[PDB]
């Protein structure tokens, strides 16, 4: 149906655009959690998304809306297509914040190697 397609498209384009920012690639390479927060807090401000998560190459959270969730594993079971196969896609799963529609895209270094992931989501 049109609604979940249209919202999914908005989520996916944010994930693809944000994950490609040279500043974020570098902050992830350095594991600089404060710099990641400085980059993503404004991106959430300017979006109607419920959340934006950043994970490292193993799907451990580098940034979450709730700081207590940083340093724990991402939830829902739908990150491997981005982390392993470098695909960008829409998915629906139940994370820590409840059931949501999310767009996901890998973060990649200069060689193409996956170093992280961005997930941008809207609760149902």
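Positions refer to the first chain, counted from 1.
- The PDB entry records a higher mean C-alpha B factor for 4-12 than for its counterpart among 4-12 and 113-121.
- Per-stretch averaging of Cα B factors for 46-54 and 22-30 places 22-30 on top.
- Looking at the C-alpha B-factors along this chain, the one for residue 65 belongs to the middle third.
- Per the deposited record, the Cα B-factor of residue 36 falls in the lowest third when ranked against the other modelled residues of its chain.
- Ranked by C-alpha B-factor against the other modelled residues of its chain, residue 82 falls in the middle third.
- Ranked against the other modelled residues of its chain, the C-alpha B-factor of residue 88 as given in the entry falls in the lowest third.
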